[PDB]
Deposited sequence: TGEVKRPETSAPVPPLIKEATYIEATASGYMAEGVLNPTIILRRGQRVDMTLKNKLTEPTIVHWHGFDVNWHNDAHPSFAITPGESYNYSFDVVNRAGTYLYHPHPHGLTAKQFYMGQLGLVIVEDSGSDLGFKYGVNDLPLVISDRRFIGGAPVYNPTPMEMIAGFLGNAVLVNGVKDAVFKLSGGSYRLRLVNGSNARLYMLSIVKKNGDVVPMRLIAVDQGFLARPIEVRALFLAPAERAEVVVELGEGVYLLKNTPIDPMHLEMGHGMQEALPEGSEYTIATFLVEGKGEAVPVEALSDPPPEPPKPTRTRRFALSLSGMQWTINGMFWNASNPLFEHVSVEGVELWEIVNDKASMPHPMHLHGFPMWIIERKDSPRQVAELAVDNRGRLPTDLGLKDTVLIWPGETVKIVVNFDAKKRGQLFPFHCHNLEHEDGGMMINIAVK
């Protein structure tokens, strides 16, 4: 059962090429309590600038940290903030402009778990609460390489094998019982459609309980889950004795932007060898429903498009020379109508600083529409509070965001979490007024 090691006291972290080093362990899971104070110093031990981003955290832009605050090698950066996020599974990872994909892919990515009264639901981390950080790699001679061509910067850098928690061909040896699996897409670009199946047997229903920004109102039974880069979905499964497989199953990846392990091919991501009898953990109710969405005062349309060799948002993209460029000025509660062009590819769009309520999916591909659970085209994952949402070519996704006036005068990136798209500039500053 290989999962990241746990630490509570994240006081000092070193950015190294292989990953984050804290208290002698690599990429540990930082576990925090809702409401606690975080004081943490980042030391840059790389040969290039970097900065840590607390993915999904409600903090100011000094603690986000905005990419403009990146530190040079040998420098340090202090983070100090109160955790006001809902209990859930978050990430910490690099955010220097133009260097994030490589640093992230070469190993700098860890989990941040936020806990709250009763949020562990009776499961124990590393026993039956299992994070599965799914990361693909392009292996050459059994070693990962990050060498995207210009066409791979446009499309995303896809690996030829899939790791779980850094482990090739991951195998989990478990006893029969209940398992909470925290599915995390830690890949640069690869999309997954995830299912758990009995080997040579039937699909195991998964009971979705939480996504990016925390618990659903109630568990939802699903047979398959789309999980794009930086999305998180926590499910509960009942495993009897036998062999089970976490698999990717076939999809149309809709690479329509420009005319080794295909995204829609079927393959095993992890194997569960279930022997013995262990604890059953009943999960009948969740005690932390997401808030209802606020009422927006204006509608703002966003078009996702390829402008030549440059991915853009409303035609705009990162100004490498001016990281404080104010691409969009916002205020109050807004409804964002995010339209992905037909000649495009799926984009997992992610907003810093402010979570998002998903209101509606329109013109989704059938493989998505078939999984929706309401009249507004919403997927089960769309029913929780989110911070990263996948928008398919031709599809319109409507979200509502509250640009809290307490954050006036700060800048927060809005960007695609396909890291090649991000390093390629598919990122703009949202300036809160």
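S.K.: Deposited sequence versus model: which ranges have no CA atoms?
M.R.: The deposited sequence has unmodelled segments at 1 to 10, 270 to 274.
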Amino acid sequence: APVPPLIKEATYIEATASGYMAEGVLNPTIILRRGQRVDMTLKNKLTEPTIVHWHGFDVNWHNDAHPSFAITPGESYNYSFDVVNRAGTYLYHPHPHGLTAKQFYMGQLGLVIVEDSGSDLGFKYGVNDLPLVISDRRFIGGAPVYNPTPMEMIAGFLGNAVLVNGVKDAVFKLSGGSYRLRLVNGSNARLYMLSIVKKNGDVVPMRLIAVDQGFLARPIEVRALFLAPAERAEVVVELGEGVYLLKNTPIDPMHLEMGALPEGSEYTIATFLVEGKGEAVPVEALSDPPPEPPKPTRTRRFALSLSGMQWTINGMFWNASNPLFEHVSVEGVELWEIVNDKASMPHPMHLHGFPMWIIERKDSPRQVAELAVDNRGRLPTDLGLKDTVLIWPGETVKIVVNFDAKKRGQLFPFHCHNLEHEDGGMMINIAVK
From here on, numbers count along this sequence of modelled residues.
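S.K.: Quick one: say whether 150 to 158 or 198 to 206 has the higher mean Cα B-factor in the deposited entry.
M.R.: Mean CA B-factor is higher for 198 to 206.
S.K.: Read off the CA B-factors in the entry, average them over 9 to 17 and over 416 to 424, and name the higher stretch.
M.R.: Mean B over CA atoms: larger for 9 to 17.
S.K.: Going by the entry, which of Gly240, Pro96, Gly110, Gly186 has the most elevated CA B factor?
M.R.: So the option with the highest C-alpha B-factor is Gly240.
S.K.: Comparing recorded Cα B-factors across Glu395, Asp387, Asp58, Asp39, which one is largest?
M.R.: So the option with the highest C-alpha B-factor is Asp39.
S.K.: Give the position of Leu46 by CA B-factor within its chain, expressed as the lowest, middle or highest third.
M.R.: Highest third - that is where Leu46 ends up once the chain's C-alpha B-factors are sorted.
S.K.: Name the third of the chain's ranked CA B-factors that contains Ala405, choosing lowest, middle or highest.
M.R.: For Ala405, whose C-alpha B-factor we compare with every modelled residue in the chain, the answer is the middle third.
S.K.: Comparing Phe123 with the other modelled residues of its chain, is its CA B-factor in the lowest, middle or highest third?
M.R.: It belongs to the highest third of the chain when residues are ordered by C-alpha B-factor.
S.K.: Please place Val3 in the lowest, middle or highest third of its chain by C-alpha B factor as given in the entry.
M.R.: Highest third - that is where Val3 ends up once the chain's C-alpha B-factors are sorted.
S.K.: Sorting the chain's modelled residues by C-alpha B-factor, tell me whether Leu371 ends up in the lowest, middle or highest third.
M.R.: For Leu371, whose C-alpha B-factor we compare with every modelled residue in the chain, the answer is the middle third.
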